[PDB]
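Novice: Chains as they are written, first to last, in the entry's author numbering: chain c, 3 to 215; chain e, 138 to 308; chain 8, 50 to 74, 249 to 377; chain b, 5 to 231. Even for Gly, the Cβ is constructed at its ideal location relative to N, Cα and C. Starting off with a structure, shown below.
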RNA sequence: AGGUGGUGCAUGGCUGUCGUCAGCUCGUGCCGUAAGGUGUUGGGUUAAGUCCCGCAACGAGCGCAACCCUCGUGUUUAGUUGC
RNA sequence: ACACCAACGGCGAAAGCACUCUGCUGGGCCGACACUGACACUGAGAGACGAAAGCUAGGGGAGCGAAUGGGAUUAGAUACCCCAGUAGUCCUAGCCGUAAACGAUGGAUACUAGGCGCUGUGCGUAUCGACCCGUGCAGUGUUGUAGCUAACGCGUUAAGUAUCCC
RNA sequence: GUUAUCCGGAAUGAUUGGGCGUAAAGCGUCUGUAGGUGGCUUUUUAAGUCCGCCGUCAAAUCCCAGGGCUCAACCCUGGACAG
């Protein structure tokens, strides 16, 4: 139907993530390496913080290869929640990430950064409405709660679409709320979006968050 | 766009609100058949201060509060002289809903149909009895009571209007 | 508070509206000339037609009407008439369709007069009014600026 | 005191009323006579209601408010502006929008944009952009110049609105009746005294009768500011 | 564990279509008891609800267009493996 | 059977009524006090009239035209189209008594804004004569205040306010 | 608890209390008998109407106030508006 914004704006105002420049067979193998790194980080923090309390919200995992050394930046909003306090979080990340890249034993620097305002970053906010919506809370309370929760934290325009099988139904719906300008067509406009799938008990839900900044 | 509307909602101790019906009213379009919510909100303090208001919006709560903002610009005050009851009996129709209101003894809680009883239990009157003659409707019913309690006069202003000095009143 | 103030205002006015109801007591070229509505000069008749007389008046188009012309007791002429004559005309309706001006002699106009109390005080304040009128009329310059700092209405 | 002699109105276009088979008969206990296809207004009750008018205008400004005057007719267009620059009041230039009093939230935001565009018009950065942006700013600034040019100095609602006679501005009048704002206006020979709650019935065919009652109320307001 | 077993009428994601058609709505106000209308209708003009005037409407969001790529012309700069 | 005249026109209680003229005869409207002095309104049952089609009896029969007959269209056509065409249409004397017989609004009286009209008469102006202006009424129409109405609308000819009678 | 019967709700037979342009409903219109209602002033009788008094409408029931059964149900004593 409609093209998605992070695909559409790639020439200008949106940059790629897996930022390493290579040759075809080495392109396929570098894409192997990228996918296993994002797997180990996602599954890692999901396990070692599933035992912990709250949601983490890792938005971007940028992977860069200057020399035979791999800079990995992790853009989560709540980075104090991760570490085992001396630095041992990112150290054990570096262990399990070293577990699946040592073809050529090249060094890698896993860093971690802060999101400027974590409510304004659609992967994190989509994780929040995912978490509250995965708990038994209605679409309206949680979704308006995400809206005023966002507009207290300085966002120009917003669109929230939540897909089928809301609280008790056997007929799917779509429910979208918009505030302000969200021009999806304006190429300069810099809209960042996320598309998170909530795996509930009585079905699957789909959340798709557009944020115009 | 300051946020959370904490000061701006005006916490509504002054006016207490209730719906009296929320019917989903629907229109059909080329694409299909889509509905909005018409809610009827009766606002009013128990001091003697009420008024109806309709609203409709695709959300339920925005229709309720939208009908409330329509309602809290539409207020009459209730002429209620005695120990929280009525000066005299009254009847006044609106559209095709006729409403007979009748004052009561103080040992009588308000007895009326749901719309009339809703706008009187919000009006702070305690001792009335109002039969409804006519429609099954709720909006024209309640608005017919509002017209049926605007046109109602105390003894002091009828004594002021006629010019008669004062008698014929127990209190 | 603002709503209450408004209500109080409305009460004041309704009482002010309660005290004293009781007691008390050819044409195309003329159309081309009318590019602009402004400027009276001595009314020029440039067409004549029963219903009235059509009259260029300093750049503005006017309409005199028969009932608003001088009564004619003289032997000969067509009533309404006017051909090219130049007549002192007072500013009346100012017709809204096409933005004209109407003109009216208005008659003898004798009206019955009822005596009004306080004319002793009532002449004095009429005099004061005339003095204010003489102080009024100011042809040139525009007030404004007064400097200040502009602020949001919110 | 605020008197007007009976002869100053009786000479001019005050009893010089309107058409004799167009009268709206709620003036039937009011209108004095009829002559030559033109009505004749009773001048006693006219001047008394003007006495009441200046009592209730000068008292209302003696409380301390801001008044409003509507100007739209193009027969009395600039005379209101002359009757509003000296009198400090904010005024309608030529034409009215339905909603300038009751829907005043959007009118208020429209004054945010009009205030910002006057700030850009004064600042001298108008000649930066080419004829497109300058054309658009001149067009919207021309339309807001048509309406909001004469009421820049108002926030909120007035107390008394005095309007161009009856015909063109039933819109603004009905917004005043919805808001409850008391209005004291002019009545023709064929209109309602019960629209407003006090008004001044005199014909407005004469420009000098309009200048008479308006000039009278202008000195009423300015002496209201005299404090 | 595995299931390319069933149900696309339990779903998500993705997509086609009407159709790149020019619309679809909302806030506030007004009208109607109300469903609703009004805006968005009318006079012109556009590929366009594009823009202008009048109008109880005033504004705004998504739509259209532009910003995006490519092919068009020229200038500055760099000349290899290209001239 | 009666073109133009024909009009959102006149009359009748309704149905109806238009080529003109004559005869008999109904009804309406207006004025003067000229007279009587409440004789008024409605009306069960009753009685009369009552478009068109229908029927009895006798005339008459050009046009039109159910039924019918033929041709066409059509899969088919008992129908629309076309060509013939009988009862009927008209008149005399009756019977029948129904119609969207509609203003889809029983009748009567009293009272409650106006604008624009038409018809009939009456007064005054103007001339001295046709006009022409206002009006007094009655009737007919069109927009419309108040009020009523579920709404559309009706609104001095109410679907308003009241009273009476079926 | 279900069923049946009756009243309510029901202004859904309407005096209190409905309707008849279009929702069910104004006869096709008109004359008129019986009958119904009816202008104003003055006077008379009082049939209706109103006021007083008197008689009666059994007792029991219902209403008020007492009293009795441990209370109540029930029983008993006295009183009376209506009409």
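When you compare the CB of residue 295 (chain 8) with every CB in chain b, is at least one pair closer than 8 Å?
Specialist: It does not: the Cβ of residue 295 (chain 8) has no partner Cβ on chain b nearer than 8 Å.
Novice: When the Cβ atoms of the segment 179-198 of chain e are set against those of the segment 249-260 of chain e, are three or more pairs found closer than 8 Å?
Specialist: yes
Novice: Chain c beta carbons: is any one of them nearer than 8 Å to that of residue 138 (chain e)?
Specialist: yes
Novice: Spell out whether any CB of chain e is found under 8 Å from the CB atom of residue 150 (chain c).
Specialist: yes
Novice: Considering residue 161 (chain e), what are the terminal residues of the beta strand (DSSP E) in which it resides?
Specialist: Unbroken beta strand (DSSP E) run through residue 161 (chain e): 153-165.
Novice: Can a CB atom of chain 8 be found closer than 8 Å to the CB of residue 202 (chain b)?
Specialist: yes
Novice: Would residue 199 (chain e) count as contacting chain c if we go by Cβ distances under 8 Å?
Specialist: no
Novice: Taking the continuous alpha helix (DSSP H) assigned at residue 13 (chain b), which residues delimit it?
Specialist: 10-15
Novice: With respect to the beta strand (DSSP E) encompassing residue 181 (chain c), which residues constitute its N-terminal and C-terminal limits?
Specialist: 177-181
Novice: Assuming contact is defined by CB atoms lying nearer than 8 Å, are residue 141 (chain b) and residue 115 (chain b) in contact in what I supplied?
Specialist: No.
Novice: Determine which residues of the segment 129-156 of chain c have a Cβ less than 7 Å from any Cβ of chain e, and write them out in chain order.
Specialist: 150, 153 and 154
Novice: With 16 as the cutoff for other CB atoms within 10 Å, does residue 145 (chain c) come out buried or exposed?
Specialist: buried
Novice: Suppose you measure from the CA of residue 82 (chain b) to the CA of residue 320 (chain 8); what does that come to, to the nearest Å?
Specialist: 18 Å
Novice: Below 8 Å on the Cβ atoms is my contact criterion, and I expect residue 217 (chain b) with residue 177 (chain b) to pass it. Report the Cβ-Cβ distance as a whole number of Å.
Specialist: Their Cβ separation, rounded to whole angstroms, is 17 Å, which puts residue 217 (chain b) and residue 177 (chain b) out of contact at 8 Å.
Novice: Among residues of its own chain, excluding the 5 on either side of residue 153 (chain e), which ones have a beta-carbon nearer than 8 Å to its beta-carbon?
Specialist: 180, 181, 182, 183 and 259
Novice: Between which two residues does the alpha helix (DSSP H) harbouring residue 294 (chain 8) extend?
Specialist: Unbroken run through residue 294 (chain 8): none, as it is neither H nor E.
Novice: Using DSSP with H/G/I as helix, E/B as strand and the rest coil, what is residue 154 (chain c)?
Specialist: The three-state secondary structure of residue 154 (chain c), taken from DSSP, is coil.
Novice: For residue 62 (chain 8), which residues in chain b fall below 7 Å Cβ to Cβ?
Specialist: Going along chain b in sequence order, the residues near residue 62 (chain 8) (Cβ under 7 Å) are 186 and 201.
Novice: So, for residue 234 (chain e): in the same chain, excluding its five sequence neighbours on each side, which residues have a beta-carbon less than 6 Å away from its beta-carbon?
Specialist: 271, 272, 274, 277, 278 and 281
Novice: Any idea if residue 11 (chain c) is buried or exposed, counting beta-carbon neighbours within 10 angstroms, 16 or more meaning buried?
Specialist: buried
Novice: Residues of chain b with CB under 8 Å from residue 320 (chain 8), in chain order?
Specialist: Simply none; closest approach about 11 Å.
Novice: Tell me whether residue 214 (chain c) sits in a helix, a strand or coil according to DSSP, three-state version.
Specialist: strand
Novice: Counting only the same chain and skipping the five closest in sequence on each side, list residues whose C-beta sits under 7 Å from that of residue 262 (chain 8).
Specialist: 281, 282 and 283
Novice: Please report the Cβ distance between residue 99 (chain c) and residue 39 (chain c), rounded to the nearest whole angstrom; I am assuming they are in contact, meaning their Cβ atoms lie under 8 Å.
Specialist: 6 Å
Novice: When DSSP labels each residue in this structure, what does residue 58 (chain b) get in the three-state scheme?
Specialist: helix
Novice: Is residue 240 (chain e) helix, strand or coil by DSSP?
Specialist: Shown here, residue 240 (chain e) sits in a strand according to DSSP, grouped into three states.
Novice: Leaving out five residues before and five after residue 322 (chain 8) in sequence, what residues of the same chain have Cβ atoms less than 6 Å from its Cβ?
Specialist: 260
Novice: In chain c, what lies closer than 8 Å to residue 141 (chain e) by C-beta?
Specialist: 150 and 154
Novice: Here's a check: name, in chain order, each residue in its chain whose Cβ is nearer than 8 Å to the Cβ of residue 35 (chain b), leaving out the five neighbours to either side.
Specialist: Contacts found: 21, 27, 43, 44, 45, 46 and 193.
Novice: Classify residue 189 (chain b) as helix, strand or coil using the three-state DSSP reduction.
Specialist: coil
Novice: Given that residue 327 (chain 8) touches chain b, what residues does it touch there, using C-beta distances under 9 Å?
Specialist: The answer, in chain order, is 17, 20, 42, 209 and 210.
Novice: Excluding five sequence neighbours on each side, which residues of the same chain lie with their C-beta closer than 6 Å to the C-beta of residue 181 (chain c)?
Specialist: By the criterion of a C-beta distance shorter than 6 Å, residue 181 (chain c) is surrounded in its chain by 160, once the five residues flanking it on both sides are discounted.
Novice: Answer yes or no: do residue 238 (chain e) and residue 226 (chain e) have a C-beta to C-beta separation smaller than 8 Å?
Specialist: yes
Novice: Kindly indicate the opening and closing residues of the alpha helix (DSSP H) around residue 42 (chain c).
Specialist: 26-52 is the extent of the alpha helix (DSSP H) around residue 42 (chain c).
Novice: Based on DSSP bridge pairs, tell me the residues matched to residue 269 (chain e).
Specialist: 236 (chain e)
Novice: Grab me the residues of residue 279 (chain 8)'s own chain with a C-beta within less than 6 Å of its C-beta, minus the 5 sequence neighbours each way, in chain order.
Specialist: Excluding the 5 residues flanking it on each side, residue 279 (chain 8) has same chain C-beta neighbours closer than 6 Å at 267 and 269, in chain order.
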